[PDB]
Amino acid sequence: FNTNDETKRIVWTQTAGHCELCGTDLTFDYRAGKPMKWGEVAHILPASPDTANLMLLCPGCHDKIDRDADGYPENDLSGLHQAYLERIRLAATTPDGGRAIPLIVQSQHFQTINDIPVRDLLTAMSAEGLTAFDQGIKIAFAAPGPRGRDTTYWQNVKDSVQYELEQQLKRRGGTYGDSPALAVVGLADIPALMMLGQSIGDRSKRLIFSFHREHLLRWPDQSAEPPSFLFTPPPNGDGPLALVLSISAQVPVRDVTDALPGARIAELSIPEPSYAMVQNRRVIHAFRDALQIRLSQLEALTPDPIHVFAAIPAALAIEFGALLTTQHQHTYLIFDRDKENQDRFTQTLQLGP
């Protein structure tokens, strides 16, 4: 059946220029430098024996359809037609699935030495299709009190973070009323970054970003493969179980045994420990995958706490904390270098029952 040139344009657009029965790109001639004969390379016909009910078919598939004198089909195709348009519509609207909340969490120290502006995260976000729609959240961990970073302090940190987060996640939108994605970067001490991960978890639409010394908030290399994560099991024994992460750098054994005498060391590392190893986000996912496989191995060995000494990039420390948010909880005692005690590893954070 015949159509005007205006209807042709509408049907061609709503189908993205593919045959609805076979999927062939009917703009091929244009791609091969030739002139586009819209009327020749495609036929339009009703889906059932309004531009919404008109299909775009290639000549081949069209000739296979039984039609009556007026060009209408004999068999109903509205099912496959509406389903086709729905698939195109879902792909065409995909950018509105990038609504996102910018979150920059820094210690008061790095907020001074190395402040991360919102513009820098928004540019990295924008490049990945994540679209902020309001002011980015920028917050700094509470300056500790007289009792130090004890339980009440860390519980307040978590309440604070989860409060600001939950208020922004109310900003539902897009095609389906989904909460926005969380785009989070962290630049603080390793225990605080772990509590940031305790706060956000890993069971929502959330994308970690990484502050890189060279490339800043842009990913150094999207193509890089993640390094292999090498595991050294602990020696048999009775001493305290110590998990050593040598990722940014090699942790000296002496520093661990000094802080934790008798420690039996289990170690996760990479071939060349380096500060620049977070080449892309897959590296962070690969780290968590390897870590969790080994944490399960270690937890099957002992019901006793695991003492963590970590030289890890900031992004990895967040994912670590986020990993340990299942219902199941094993006790993890996190150690960090006390800059006021000759950089001695001292216990700073407890996670678990």
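One rule holds for the numbers: they count along the sequence shown, beginning at 1.
Omission of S48 is seen in a third or more of the other entries compared for this protein where the adjacent residues are built. Unmodelled residues of the deposited sequence between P49 and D50: 10 or more. Stretches 279-287 and 206-214 differ in mean CA B factor, with 206-214 having the higher one. For the pair 144-152 and 197-205, the mean B factor over Cα atoms is greater in 144-152. In the deposited coordinates, the residue among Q342, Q329, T24, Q14 with the greatest CA B-factor is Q342. Across the residues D178, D258, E86, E128, the deposited record lists the maximum Cα B factor for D258.
When all modelled residues of the chain are sorted by CA temperature factor, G321 is found within the lowest third. Sort the chain's modelled residues by C-alpha temperature factor and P273 lands in the middle third, per the entry. In the PDB entry, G79 places in the middle third of its chain by CA B-factor. Placement of the Cα temperature factor of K158 within the chain: middle third of the modelled residues, per the deposited record. Annotation for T94: C-alpha temperature factor in the lowest third relative to the rest of the modelled chain, per the entry.
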